[PDB]
Every structure is written in structure tokens, then in C-alpha cells.
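S.K.: If you scroll down you'll find the structure; I have some questions about it.
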Amino acid sequence: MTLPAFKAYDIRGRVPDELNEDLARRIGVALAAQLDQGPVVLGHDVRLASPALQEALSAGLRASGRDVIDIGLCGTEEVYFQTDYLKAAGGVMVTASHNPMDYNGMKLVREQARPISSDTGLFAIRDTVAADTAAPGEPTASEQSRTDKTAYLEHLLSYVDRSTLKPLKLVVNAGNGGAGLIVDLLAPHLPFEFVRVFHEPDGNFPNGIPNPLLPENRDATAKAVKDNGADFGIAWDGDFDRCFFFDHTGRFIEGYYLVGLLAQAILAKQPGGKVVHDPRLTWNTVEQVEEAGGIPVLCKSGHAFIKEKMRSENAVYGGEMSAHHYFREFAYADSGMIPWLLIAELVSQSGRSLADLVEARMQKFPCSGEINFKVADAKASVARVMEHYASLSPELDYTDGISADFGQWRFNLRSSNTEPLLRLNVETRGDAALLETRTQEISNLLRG
Ligand SMILES: O=P(O)(O)O[C@H]1O[C@H](CO)[C@@H](O)[C@H](O)[C@@H]1O
Ligand SMILES: [Mg+2]
Numbered sequence: 001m002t003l004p005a006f007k008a009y010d011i012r013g014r015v016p017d018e019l020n021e022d023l024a025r026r027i028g029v030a031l032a033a034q035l036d037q038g039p040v041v042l043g044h045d046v047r048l049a050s051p052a053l054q055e056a057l058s059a060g061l062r063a064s065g066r067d068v069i070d071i072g073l074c075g076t077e078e079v080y081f082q083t084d085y086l087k088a089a090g091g092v093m094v095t096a097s098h099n100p101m102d103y104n105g106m107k108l109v110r111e112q113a114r115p116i117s118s119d120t121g122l123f124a125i126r127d128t129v130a131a132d133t134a135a136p137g138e139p140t141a142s143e144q145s146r147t148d149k150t151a152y153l154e155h156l157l158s159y160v161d162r163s164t165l166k167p168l169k170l171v172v173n174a175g176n177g178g179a180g181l182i183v184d185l186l187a188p189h190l191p192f193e194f195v196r197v198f199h200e201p202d203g204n205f206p207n208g209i210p211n212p213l214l215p216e217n218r219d220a221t222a223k224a225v226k227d228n229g230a231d232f233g234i235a236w237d238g239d240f241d242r243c244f245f246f247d248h249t250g251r252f253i254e255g256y257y258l259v260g261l262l263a264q265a266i267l268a269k270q271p272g273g274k275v276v277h278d279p280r281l282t283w284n285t286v287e288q289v290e291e292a293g294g295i296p297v298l299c300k301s302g303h304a305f306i307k308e309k310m311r312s313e314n315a316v317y318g319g320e321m322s323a324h325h326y327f328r329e330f331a332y333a334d335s336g337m338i339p340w341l342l343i344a345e346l347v348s349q350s351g352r353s354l355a356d357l358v359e360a361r362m363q364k365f366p367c368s369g370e371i372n373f374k375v376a377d378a379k380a381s382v383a384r385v386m387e388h389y390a391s392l393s394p395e396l397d398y399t400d401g402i403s404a405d406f407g408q409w410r411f412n413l414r415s416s417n418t419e420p421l422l423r424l425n426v427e428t429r430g431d432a433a434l435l436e437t438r439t440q441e442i443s444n445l446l447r448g
């Protein structure tokens, strides 16, 4: 076999059998051999095991003569920002993002925070780690503590014109992850009145693991918004590289619509720019980007494809329907902080509620949401669907699974690259009835 913890985009496994201090130190040694010259930035999330995992990573790296910059407890996006800002050779974030409590992992990048994935070094690291029986060497390089967030915070604030901000009332829900530390540091520089829910970092997660997609966790943010008459609410996953929005009615906003919203926000600052988006749900993004004078660029879903395409295109912003938002100026990396600052600035400047900013777009391009199927035979199942729709002659695109455009409706059907799973997305041209009948039709075919 091979080490299960090494996935397509990152390392994720149960502690201690899938991931432990010895593997972490071995990963540091193997990572040293993969990077260009320079030091390595290390950071970690709130999980109880994360500091020790970072400490082993450090020991392996310095045993290989790599200077380590320890930026401490942080969000995943701070490892991206600091790796790029400090012109490091690389960086690793120790995080479980949103996995259960007996789980942990790492997210690895090289220069300029470029991702290290299965096929761009991560499996090379895996195989080196898998075959490494050598004795732990002793450190021949140093560790520097660098917890100053000033540059990071100034960079967050630079996305908005602070004198145009209104004193909005915002619910913030860290889910006992790490987002609250950054909110509290931004707060003295912002006019908003914050309503803090599940604010303190707690690696035991007394209120549940930080996953705003769970309806139980969703409802705590919705309730705080409604009970306090907040303008909107924001929730983050544990390492807060994803954020999730709730309008003034408590309604969770499906992430598809935030791509076109955030693209328009950005395009008013950087006119004529290119905007990268995924193929799962498209029509609304294409229209909003073009309406805002931008150029939409279709790209295979997955954060490493998005970033690579943004780089080759000098795209100012890339957005994925699944709550990933990437920013050229942020080392082409994703942030869970920039999107809500942009949204709060848009609400402040426009005088429109978050609800009204998206409502007409949701009516014009209703979507199913991402619907997952675990089926006995994915390939046979997909063939059943294509067979059933063949007579209608859809316009097909194979950028990322199968996209079929029927005119008034379209779908994308993909195999997940991170899970053995089929993923379905359907949208229509302003037709909620057509949306439901087609979604159900495709579901039955897949389940057949
Ligand atoms: O559908 P997939 O292949 O399993 O990818 C999903 O996870 C990726 C990494 O978080 C994301 O980059 C993708 O956009 C998506 O959320
Ligand atoms: Mg995350």
C-alpha cells in the first residue's frame, strides 16, 4: 500500500496512525529536498495536536539546514500570505480544516505560495517519506518566531476604502476555530458593530467541529443574525480559508452567487480584469463578470487548477462555487477574510442589503446546489445519464467531467478528485420547475 494520509491536494489523516510526529518530521526532511533555496514558514490551527505536529516538521526541516519562520497559531491563509510576503522558499500549514477531532493534516506550498499537490511534489514527498529509515539528524539551522500580523492585516484592509464603510451590524461566528483572532484585530480599524458567536478558539470544539455547512451549525449564525437585526452574518471553517454568508433574514447564501457578486466588487477596482471560475455552475458568473466589464475564464475546478490558470491569465480574482475565493494581490491564494470585507464594502457603498444584491441573480439562475452520489458504478451511472439525454443533442464540454448545455438548462457531472464520489450541479434560465424535474430525473438515473 501507500500512506493514506497523502491526498490529491494536501495531507489529511487520523492521529496517530495515519499522521504523527514521526511522519511530520519525515515530511519536513523530504520537503527540504523539494524546494528552491530559502527558509520555510510554518503555522498551525487550533487543534490540540497541531503545535506538536508543527514542532516535528520544524525539527525535520532544520535538520536539513532549512531556516524555519514560525508564525504561530494562524489561519491557513496567513501561511500563504507570509510565505509570499517574506519571499520564503515554502510554507506548511498544520490544519484539519473541518475534519473530526481525531484528525489533522498539512497544506504545503512552495515559492509565492504555489500549491504542492499529488502530481507537483506531494506524492514525491510521500514516496520519500515512505522509504525513509534514516536516523533523525540534528538541527543545523534556526527557528525564528515571527507572529507580527501587521503586514497581513494591512493587506486585508487595503481591499476596501475604509472611509466609505458604514457602521454595519455583522454577526461573526468562528465556530471556535481561529477566525475570531483576526476579526478582533481588524475591529479597531473598522466601523462595524460585531456580534460574536462561538468566538473563542477551543480545540475541543464544545459547540461542534467548525463546519458551517452542517445545518446545525448554520442555524446558530442564522439565529444570531435574526435575533440581533444584523445586516448579515459570516461564519468560517476552522482554519478560516472558507467563509459563509447569511443575509439579514438569516438565509444562508449559496456560494455560487458569491462568485459573481465578488467578481463585480473586484472589477470596480480593477477594471477590464480577468476572472477565473469553475465549470460546475457558470451562467450567472459569466453574465455578472461581463456586465461588470470583466473577462470570464473557465477553468477545471480544484484550487491548484484555479491558481495556475489565474497566474497564466493575470486574473485579478478567481472564485469557486464551494466557498473558495482567490485574489491575485494575495499571492493568487484563497482568503476567508477578504470576501466579507468586500461584501461589507459593497453593502455600505450601494445601500442595498446583501439579500437584494443576490436575490435577482438567484431568481435568474436557480441552481440545484452540489448534489453528491456514491453509486456502485460511477462510469456506468454517467453513461446512463448521457444515454438518456442523447436524443436532445446537448452542447457538451469535457473541461471537468461532463457539462451539457441544453439551452434553457445545463448540468455538470464530475468525479471528485478528493473523494470517490459523483458530484452533480444543475442550473436553469429562470425556471425553478425545470430545475427540479431535471435534477430529480438525473438523480434517478444516477441511483439506478
Ligand atoms: O470536487 P472535488 O474534486 O472533491 O474538490 C473540492 O475540494 C477542493 C479542495 O478544497 C476544491 O478546490 C474544489 O472546488 C471542491 O470544493
Ligand atoms: Mg479550510
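The opening residue of the sequence shown carries number 1 in the deposited numbering; numbering runs sequentially from there. All C-beta atoms, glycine included, are put in the ideal place defined by N, C-alpha and C.
I'd like the ranges of any beta strand (DSSP E) spanning at least 3 consecutive residues and lying wholly in the region 343 to 431.
M.R.: 371 to 373, 395 to 397, 402 to 405, 409 to 415 and 422 to 428
S.K.: Would you mind working out which of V297, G319, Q112 and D377 sits nearest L35, comparing C-alpha positions?
M.R.: Your numbering for residue 35 matches position 35 in the sequence shown. The residue with the shortest Cα to Cα distance from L35 is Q112.
S.K.: Do you know whose CA, among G302, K269 and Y80, lies nearest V276's CA?
M.R.: Locating residue 276 in the sequence shown gives position 276, where the first residue counts as 1. Ranking the options by Cα distance to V276, first place goes to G302.
S.K.: Any idea what DSSP makes of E193, helix, strand or coil?
M.R.: Translated into positions along the sequence shown, residue 193 becomes position 193. Three-state DSSP puts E193 in a strand.
S.K.: Go to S163, then tell me how far its alpha helix (DSSP H) extends in each direction, as first and last residue.
M.R.: The sequence position of residue 163 within the sequence shown is 163, counting from 1. Note, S163: premise wrong, no alpha helix (DSSP H); not H, not E.
S.K.: If we count the other Cβ atoms within 10 Å of its Cβ and call it buried at 16 or more, is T83 buried or exposed?
M.R.: Here residue 83 corresponds to residue number 83 of the sequence shown, with the count starting at 1. Classification for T83: buried.
S.K.: Starting from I71, trace the alpha helix (DSSP H) in both directions and tell me its first and last residue.
M.R.: As a working note, residue 71 is residue 71 in the sequence shown. It is not in any alpha helix (DSSP H) - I71 instead sits in the beta strand (DSSP E) that spans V68 to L73.
S.K.: List the residues that DSSP assigns as beta-bridge partners of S145.
M.R.: What you label residue 145 is simply residue 145 of the sequence shown in a count that begins at 1. Answer is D70.
S.K.: Taking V171 and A89 to be in contact with their CB atoms under 8 Å, please state how far apart those CB atoms are, rounded to whole angstroms.
M.R.: Residue numbering aside, residue 171 sits at position 171 when the sequence shown is read from its first letter. Residue numbering aside, residue 89 sits at position 89 when the sequence shown is read from its first letter. Going by Cβ atoms, the distance from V171 to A89 rounds to 40 Å, so no, they are not a contact pair.
S.K.: Suppose contacts are defined by Cβ-Cβ distances below 8 Å. Is residue 455 in contact with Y103 by that definition?
M.R.: Because the chain in this structure spans residues 1 to 448, residue 455 falls outside the shown range and cannot be described.
S.K.: When you compare only the Cα positions, how much space is there between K169 and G273?
M.R.: Working through the sequence shown from its first residue, we reach residue 169 at position 169. Working through the sequence shown from its first residue, we reach residue 273 at position 273. Here the C-alpha atom of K169 lies approximately 31 Å from the C-alpha atom of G273.
S.K.: Determine the burial state of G91: buried for a count of at least 16 other Cβ atoms within 10 Å of its Cβ, exposed for fewer.
M.R.: Working through the sequence shown from its first residue, we reach residue 91 at position 91. Its Cβ being crowded by 16 or more others within 10 Å, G91 is buried.
S.K.: Please identify the residue among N20, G65, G43 and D17 whose C-alpha is closest to the C-alpha of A32.
M.R.: Here residue 32 refers to the residue found at position 32 when the sequence shown is read from its first residue. It is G65.
S.K.: Under the assumption that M310 contacts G318 (Cβ atoms under 8 Å), give the Cβ distance between them as a whole number of angstroms.
M.R.: By one-based count along the sequence shown, residue 310 stands at place 310. By one-based count along the sequence shown, residue 318 stands at place 318. Yes, they are in contact, since the Cβ atoms of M310 and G318 sit about 5 Å apart, within 8 Å.
S.K.: Mind listing, in chain order, the residues whose beta carbon lies closer than 5 Å to a non-hydrogen atom of ligand 1?
M.R.: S301, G302, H303, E320, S322, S416, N417 and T418
S.K.: Can you tell me which of the three DSSP states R438 falls into?
M.R.: To locate residue 438, count along the sequence shown from 1; it is residue 438. Helix at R438.
S.K.: Where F252 and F244 are concerned, what is the direct C-alpha to C-alpha distance, given to the nearest angstrom?
M.R.: Within the sequence shown, the letter at position 252 stands for residue 252. Within the sequence shown, the letter at position 244 stands for residue 244. Those two C-alpha atoms are separated by around 7 Å.
S.K.: Could you pull out every residue in the same chain whose Cβ sits closer than 6 Å to the Cβ of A141, ignoring the five residues on either side in sequence?
M.R.: Mapped onto the sequence shown, residue 141 falls at position 141. Result list for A141: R62, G65, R66 and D67, in chain order.
S.K.: Just confirm the distance between the C-beta atoms of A344 and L165, as a whole number of angstroms; I'd bet it's less than 8 Å.
M.R.: Position 344 of the sequence shown, counted from the start, is the residue given in the question as residue 344. Position 165 of the sequence shown, counted from the start, is the residue given in the question as residue 165. Indeed they touch by this definition, with Cβ atoms about 7 Å apart.
S.K.: On a Cα-Cα basis, can you pick out the residue from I125, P279 and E290 that is closest to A268?
M.R.: Here the question's residue 268 lines up with position 268 in the sequence shown. Among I125, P279 and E290, the Cα nearest to that of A268 belongs to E290.
S.K.: Roughly how many angstroms separate the alpha carbons of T120 and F305, rounded to a whole number?
M.R.: For the purposes of this step, residue 120 is identified with residue 120 of the sequence shown, where counting begins at 1. For the purposes of this step, residue 305 is identified with residue 305 of the sequence shown, where counting begins at 1. So the two alpha carbons sit approximately 12 Å from each other.
S.K.: Since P215 is in the alpha helix (DSSP H), which residue starts that stretch and which ends it?
M.R.: One-based indexing of the sequence shown puts residue 215 at position 215. Start and end: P215 to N228.
S.K.: Cα separation between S350 and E313?
M.R.: Start at 1 with the first residue of the sequence shown, and residue 350 comes out as number 350. Start at 1 with the first residue of the sequence shown, and residue 313 comes out as number 313. Their backbone Cα atoms lie some 30 Å apart in a straight line.
S.K.: What is the residue span of the alpha helix (DSSP H) that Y256 lies within?
M.R.: Position 256 of the sequence shown, counted from the start, is the residue given in the question as residue 256. Element bounds for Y256: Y256 to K269.
S.K.: Using 8 Å for Cβ pairs, my map puts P212 next to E193. What's the rounded Cβ distance?
M.R.: As a working note, residue 212 is residue 212 in the sequence shown. As a working note, residue 193 is residue 193 in the sequence shown. Wrong, their Cβ atoms sit about 21 Å apart, outside the cutoff.
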